[PDB]
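Student:
Next comes the structure, spelled out in structure tokens:
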């Protein structure tokens, strides 16, 4: 309808123990993805052992299923404490 590509910020809270696996599966789920990665801010949040990786992925509101896909593929892996995605939209002007 209207070209409004939104940024979905996938915030994966994962143990540092398996962060590399988590991030590898993140990239794996980027294997032909509508969701186009911009950046992934990986900081320590809950605890130094739990790294929260908040990645900006651009996608349209027409692609919610892809977010599920990402979340599922990463949730298949161990180390993930919590995984949320924030729909950040464009500023309605």
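Numbering (PDB author numbering), first residue to last: 1 to 93. Ideal placement from N, C-alpha and C gives every residue a C-beta, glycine not left out.
(1) Spatial neighbours of residue 17 within its chain, please: C-beta separation below 8 Å, excluding the five flanking residues on both sides.
(2) Tell me whether residue 5 sits in a helix, a strand or coil according to DSSP, three-state version.
(3) Let me confirm a value: residue 87 is counted as buried when at least 16 other C-beta atoms fall within 10 Å, else exposed. Which label applies?
(4) What residue range is occupied by the uninterrupted beta strand (DSSP E) comprising residue 56?
(5) According to DSSP, is residue 17 helix, strand or coil?
Tutor: Result, derived from the coordinates:
(1) 49, 79
(2) coil
(3) exposed
(4) 50-59
(5) coil
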